[PDB]
Amino acid sequence: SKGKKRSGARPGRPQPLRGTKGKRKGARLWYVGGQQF
Amino acid sequence: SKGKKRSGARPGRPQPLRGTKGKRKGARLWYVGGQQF
Amino acid sequence: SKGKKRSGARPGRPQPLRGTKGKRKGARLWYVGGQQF
Amino acid sequence: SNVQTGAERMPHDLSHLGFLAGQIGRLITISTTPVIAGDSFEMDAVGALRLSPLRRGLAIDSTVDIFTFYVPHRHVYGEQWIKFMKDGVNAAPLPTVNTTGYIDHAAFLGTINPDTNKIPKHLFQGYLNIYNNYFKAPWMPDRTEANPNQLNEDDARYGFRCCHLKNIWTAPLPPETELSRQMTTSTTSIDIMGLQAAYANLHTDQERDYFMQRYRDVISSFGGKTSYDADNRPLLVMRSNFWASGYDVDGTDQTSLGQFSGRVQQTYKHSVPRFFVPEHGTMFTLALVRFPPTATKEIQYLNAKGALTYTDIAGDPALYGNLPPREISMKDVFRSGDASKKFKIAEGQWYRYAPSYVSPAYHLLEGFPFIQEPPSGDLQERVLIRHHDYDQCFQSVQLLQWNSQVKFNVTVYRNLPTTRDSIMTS
Amino acid sequence: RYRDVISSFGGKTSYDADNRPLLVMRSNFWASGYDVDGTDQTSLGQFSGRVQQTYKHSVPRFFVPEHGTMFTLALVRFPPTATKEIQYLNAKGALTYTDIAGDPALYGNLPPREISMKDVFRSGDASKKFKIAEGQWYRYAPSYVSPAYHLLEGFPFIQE
Amino acid sequence: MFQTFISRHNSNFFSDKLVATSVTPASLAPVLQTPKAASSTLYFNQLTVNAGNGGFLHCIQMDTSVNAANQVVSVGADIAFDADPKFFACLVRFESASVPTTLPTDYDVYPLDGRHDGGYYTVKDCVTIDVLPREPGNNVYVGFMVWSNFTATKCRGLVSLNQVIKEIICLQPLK
Amino acid sequence: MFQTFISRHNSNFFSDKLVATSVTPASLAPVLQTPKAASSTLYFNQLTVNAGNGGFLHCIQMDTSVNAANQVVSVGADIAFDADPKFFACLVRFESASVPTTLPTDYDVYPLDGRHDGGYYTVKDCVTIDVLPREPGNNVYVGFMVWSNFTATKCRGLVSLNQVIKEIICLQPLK
Numbered sequence: 002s003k004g005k006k007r008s009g010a011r012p013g014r015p016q017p018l019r020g021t022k023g024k025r026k027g028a029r030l031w032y033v034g035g036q037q038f
Numbered sequence: 002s003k004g005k006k007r008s009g010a011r012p013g014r015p016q017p018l019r020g021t022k023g024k025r026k027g028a029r030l031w032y033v034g035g036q037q038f
Numbered sequence: 002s003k004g005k006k007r008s009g010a011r012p013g014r015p016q017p018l019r020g021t022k023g024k025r026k027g028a029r030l031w032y033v034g035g036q037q038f
Numbered sequence: 002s003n004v005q006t007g008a009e010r011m012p013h014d015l016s017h018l019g020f021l022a023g024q025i026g027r028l029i030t031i032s033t034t035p036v037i038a039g040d041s042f043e044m045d046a047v048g049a050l051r052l053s054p055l056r057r058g059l060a061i062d063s064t065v066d067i068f069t070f071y072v073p074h075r076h077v078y079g080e081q082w083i084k085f086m087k088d089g090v091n092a093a094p095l096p097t098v099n100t101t102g103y104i105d106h107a108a109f110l111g112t113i114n115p116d117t118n119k120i121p122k123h124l125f126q127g128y129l130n131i132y133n134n135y136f137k138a139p140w141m142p143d144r145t146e147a148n149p150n151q152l153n154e155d156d157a158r159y160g161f162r163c164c165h166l167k168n169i170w171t172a173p174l175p176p177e178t179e180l181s182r183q184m185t186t187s188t189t190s191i192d193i194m195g196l197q198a199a200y201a202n203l204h205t206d207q208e209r210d211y212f213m214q215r216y217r218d219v220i221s222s223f224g225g226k227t228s229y230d231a232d233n234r235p236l237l238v239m240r241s242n243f244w245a246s247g248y249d250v251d252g253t254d255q256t257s258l259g260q261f262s263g264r265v266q267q268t269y270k271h272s273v274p275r276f277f278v279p280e281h282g283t284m285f286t287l288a289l290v291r292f293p294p295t296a297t298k299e300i301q302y303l304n305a306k307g308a309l310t311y312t313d314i315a316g317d318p319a320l321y322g323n324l325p326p327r328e329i330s331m332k333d334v335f336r337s338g339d340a341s342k343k344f345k346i347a348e349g350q351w352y353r354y355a356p357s358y359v360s361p362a363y364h365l366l367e368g369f370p371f372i373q374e375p376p377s378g379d380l381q382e383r384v385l386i387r388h389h390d391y392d393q394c395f396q397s398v399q400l401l402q403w404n405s406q407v408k409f410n411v412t413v414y415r416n417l418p419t420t421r422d423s424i425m426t427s
Numbered sequence: 215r216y217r218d219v220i221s222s223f224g225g226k227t228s229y230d231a232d233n234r235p236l237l238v239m240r241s242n243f244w245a246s247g248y249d250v251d252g253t254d255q256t257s258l259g260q261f262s263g264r265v266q267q268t269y270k271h272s273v274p275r276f277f278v279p280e281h282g283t284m285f286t287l288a289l290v291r292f293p294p295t296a297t298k299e300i301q302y303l304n305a306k307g308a309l310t311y312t313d314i315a316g317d318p319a320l321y322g323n324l325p326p327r328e329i330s331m332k333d334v335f336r337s338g339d340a341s342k343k344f345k346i347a348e349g350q351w352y353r354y355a356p357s358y359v360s361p362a363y364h365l366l367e368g369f370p371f372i373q374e
Numbered sequence: 001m002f003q004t005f006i007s008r009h010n011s012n013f014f015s016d017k018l019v020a021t022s023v024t025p026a027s028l029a030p031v032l033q034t035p036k037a038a039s040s041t042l043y044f045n046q047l048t049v050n051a052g053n054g055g056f057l058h059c060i061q062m063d064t065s066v067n068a069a070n071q072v073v074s075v076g077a078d079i080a081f082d083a084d085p086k087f088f089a090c091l092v093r094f095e096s097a098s099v100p101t102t103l104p105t106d107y108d109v110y111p112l113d114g115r116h117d118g119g120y121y122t123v124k125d126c127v128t129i130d131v132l133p134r135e136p137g138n139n140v141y142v143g144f145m146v147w148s149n150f151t152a153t154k155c156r157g158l159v160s161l162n163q164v165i166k167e168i169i170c171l172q173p174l175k
Numbered sequence: 001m002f003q004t005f006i007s008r009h010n011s012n013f014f015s016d017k018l019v020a021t022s023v024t025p026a027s028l029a030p031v032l033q034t035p036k037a038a039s040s041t042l043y044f045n046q047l048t049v050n051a052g053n054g055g056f057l058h059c060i061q062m063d064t065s066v067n068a069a070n071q072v073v074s075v076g077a078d079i080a081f082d083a084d085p086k087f088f089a090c091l092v093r094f095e096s097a098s099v100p101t102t103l104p105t106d107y108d109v110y111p112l113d114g115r116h117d118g119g120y121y122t123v124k125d126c127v128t129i130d131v132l133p134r135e136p137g138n139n140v141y142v143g144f145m146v147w148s149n150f151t152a153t154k155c156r157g158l159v160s161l162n163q164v165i166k167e168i169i170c171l172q173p174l175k
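Chains VC, J, UB, TC, F, G and TB are the protein sequences, given in the same order. All residue numbers for the first sequence refer to the deposited numbering, where the first residue is 2 and numbers rise by one. All residue numbers for the second sequence refer to the deposited numbering, where the first residue is 2 and numbers rise by one. All residue numbers for the third sequence refer to the deposited numbering, where the first residue is 2 and numbers rise by one. All residue numbers for the fourth sequence refer to the deposited numbering, where the first residue is 2 and numbers rise by one. All residue numbers for the fifth sequence refer to the deposited numbering, where the first residue is 215 and numbers rise by one. All residue numbers for the sixth sequence refer to the deposited numbering, where the first residue is 1 and numbers rise by one. All residue numbers for the seventh sequence refer to the deposited numbering, where the first residue is 1 and numbers rise by one.
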């Protein structure tokens, strides 16, 4: 084996998932020909 | 686009609506011929 | 009209009524011929 | 006798309530107010947003958008205005439009349908201008009806369909991008100076396809500016966004012990700072509710295309930065996709994007707003939202898929006589 | 009323001169509460409201000058919201300069306008008339109720 | 003991008499009376049935004010034939662009738990049905149908249909 | 197992015998005994039915002390005819300015799920009815009615009616 042996339990309540992606933004990904809202 | 991009979520509970109008009063609007309660 | 225009809402819970009368006592009202409990 | 020629500036209340309802992915009008030239407009909106009761509990949040726009009357009536204002009293009245005869038609404009089946033209045309300038994809055709009674149901009762949140298949390159361009040469010769001039013509064409589909975009690239009067477009005054949350309820009888039901309820605020109104017009307020575009049958591109070549797998900078865009099908990203439906992506886009994974055990399960089958039709049908995709997520109620109750605290500073001055002759 | 005529001159009338009752106190408040959740197989996802409010009506010390009676009365009301109300400018047919311009010289010098119930309601009667002030549509805003709320239990509205 | 306060039909409060004296069963099953609204009770003290193969029915129209795909429809019936015309009863859904006088060739049937006893039949039930037109520009009708190889006989009784689009309020002394 | 403690009728605790020996069915259906109060049980060990078309009924008056528009009314019955007079049974609501002896020409009918078996009939049900006079200065009567093309026969049984304007208390050992 190598290197982990950590732990991960947290207290609280399981809040619902909010936003599929996004922790840190880079450059643009999509180009449609203008703004779209 | 122009100028907004704001946010609006608040915590708490959705209290029932209280009073149809009224944030700041101006002049009188209705004249019946006296007081009416 | 004259003189009131007050307000009366209070927070809390509607506790049950406790005692039919009594805010300030005056003189005796009833005479049975002795004590009765 | 006494003739009044002017007035003083005072605040006016103009506050009211909001019992709203709508569908998912459709843009509906929430509030409307007329304004006069020279006014000042302010608004605080405080309310609660609710979804229909869910079938099994809370799993994914939804995102909600509130917009406010200002539309001058000159953008709608055009030359019939101006002549109307220069003639003053005794001018010809402004025209109207026809609606279908029901109570719920013309509800996307935020009004009850009058018994005459006629509404002011500036109400209907001011909604079309907002949609065509901000909410459709720039490569789509415009919408031009001239009469609300030419729409179908779900367009008259609820708003127009909007676009999914951006994605690998919901945000492709426009269907007009060129994958090659020829240059005419001779039989055994080529002009190398004319080849240099052929690359400069292609550069201008590619810019007008990826960034500059609108006139206001072309002027901006030079470094210039256009006012909204030059373009004849509405002015965006405020925009708000939030996520909607809630809690769960537990069942306690013999059969439902172990079952839960989700209840979404969120408190929000839409605040518009003081705004100087330069000409007569209308203020619109609109709402839009959406879900992230998660599907149960989506696969990673490298796991779905058959045999991996060097260009697919190596991630070489000299190859991704110099190749034309690649054309793929719906079969390359979906299990039951159609091989005859094509769209174009950028080279190496599979190393910049990661899709969501849904286990096969979740397929065809109530609650859980997903997309059960890959979308069908042409490109425009896939990009727009179908609210029938969320029918199995909610229980059947009379209040559609979401509802809201809001109080609008408006305040306007006008120059108008008081009610007393209007009713007294002297 | 007679007591109004005397007041405009700058005078006063006692309630004995008019033969009217004397108001000693008045109180007002809004009534609130909470909700109860259903938990069985059929009512899971259903809620029921419970209004309960604590109040106080206090009358300070009052000197009684003659024999009489003290009355205490109550009145409960809702704001007047209807499901079929429309804005005046959206309901009358073709907009003229007087309707739309908001000109101060015109609103301050014209007689009051007579309209019908058809101008503010979808199924209003055209033979029922009433009078309003000129420009009152720029001073007042009605409440909006979506058509999806029509004929739905709960929700105290005026249906017709 | 406590009172039940939960039911399956919830009749209309207003009942109508049958303006007719005879019916002839057929594959194009005749409608007894003109359909109306979303609730209707029909009673008949005397009806003559002529010989024929097929059936006849009593129906109502579907209200489309509320945009909900599936809704509950209730029935309560009580029929008495003089003879024993071995028959089965069901719930039928069909569509028509105008007011119908017979049953078209395309329709659906549903089973409901009745109480056949020979000349006698009783039922009080509810069934979920898709009520939207399923084809643009059409009306939807739901009825109570009786089908057999009929002979000449007589019948009496009443039939009541209801569409659950609103809820009925009642007095509860404890609540 | 547990005990149900929920029911649909809740009879009166006091029963009355029928002071009569015969009835003649008619379109103006005769009332068996004088109506009373909001609850009444009637039993008869022997009743002679004469030939006639129409019916007969047992009814009660409606109490108007509580200002509630719609209320629940219950019935429990058990009838046995010697022959098989093919008949249907229902609940009837009518109005009268004085004490009635027959059924007027304006009335409503309601279906209730019984257990026809040929000479036999049993029921125990509840129906919501609008109980306010619907026309000023009138009384409202609700009854249990039997209708047929009667011949000469005999019957026995009992009928019980109840108006749910108050709740009945019972002993629960665990509560």
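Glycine included, every Cβ here is placed at the ideal spot set by N, Cα and C.
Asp62/TC is positioned such that its CB atom lies no closer than 8 Å to that of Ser241/TC.
With contact defined as three or more Cβ pairs closer than 8 Å, the segment 369-378 of chain TC and the segment 141-151 of chain TC are not in contact.
Counting only the Cα atoms, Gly338/F lies some 4 Å from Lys332/F.
Taking the CA atoms as reference points, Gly225/F sits about 58 Å from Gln126/TC.
Under DSSP, the beta-bridge partners assigned to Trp244/TC are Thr64/TC. The DSSP-derived three-state label of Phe13/TB is coil. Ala138/TC is outside the set of residues whose beta carbon lies under 8 Å from a beta carbon in chain J. Between the segment 386-393 of chain TC and the segment 312-330 of chain TC, the count of Cβ pairs shorter than 8 Å is below three; the stretches do not touch. Excluding sequence positions up to five before and after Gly58/TC, its CB lies within less than 8 Å of the CB of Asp249, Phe261, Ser262, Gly263 and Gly368, all in the same chain and listed in chain order. Within the model, the alpha-carbon separation for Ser27/TB versus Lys124/TB is close to 26 Å.
In its chain, beyond the 5 residues on either side, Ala38, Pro73, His74 and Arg75 have a beta carbon closer than 8 Å to the beta carbon of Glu280/TC. Inclusion of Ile131/TC and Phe70/TC in the CB contact set at 8 Å is warranted, their separation being smaller than that value.
In this structure, the CA atom of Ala305/TC is about 56 Å from the CA atom of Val99/G. Contact annotation: the segment 227-238 of chain F does not touch the segment 17-24 of chain J, with fewer than three C-beta pairs closer than 8 Å. Within the segment 356-388 of chain TC, contact with chain VC at the beta-carbon level (separation under 7 Å) is assigned to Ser357. Here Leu57/G really is in contact with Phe144/G; their C-beta atoms are around 6 Å apart, less than 8 Å.
The Cβ atoms of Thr34/TC and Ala355/F sit closer than 8 Å to each other. As DSSP reads the structure, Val146/TB sits in a beta bridge with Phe56/TB and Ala89/TB.
Closer than 8 Å to the CB of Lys5/UB there is at least one CB belonging to chain F. The beta-carbon distance between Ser427/TC and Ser32/TC, rounded to whole angstroms, is 39 Å. This is too long to meet the 8 Å contact definition. In the DSSP assignment, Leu380/TC falls within the unbroken alpha helix (DSSP H) covering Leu380 to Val384. Of all alpha-carbon atoms in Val265/TC, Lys342/TC and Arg291/TC, the one lying nearest the alpha-carbon of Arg14/J is that of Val265/TC. Interface annotation for the segment 10-29 of chain UB against chain F: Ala10, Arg11, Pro12, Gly13, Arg14 and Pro15, criterion Cβ-Cβ distance under 8 Å. In summary, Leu385/TC is buried, with 16 or more beta-carbon neighbours lying within 10 Å of its beta-carbon over all protein chains present. Shown here, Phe85/TC sits in a helix according to DSSP, grouped into three states. The Cβ neighbour count for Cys59/G, taken over all protein chains shown within 10 Å, is at least 16; the residue is labelled buried. Neighbours of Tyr311/F in chain TC, taken as residues at a C-beta separation under 9 Å, are given in chain order as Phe85, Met86, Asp88, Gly89, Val90, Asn91, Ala92 and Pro94.
At a cut-off of 8 Å between beta-carbon atoms, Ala29/TB makes no contact with chain G.
Considered as a whole, the segment 302-341 of chain F harbours 327-330 as its complete beta strand (DSSP E) runs of no fewer than 3 residues, in chain order.
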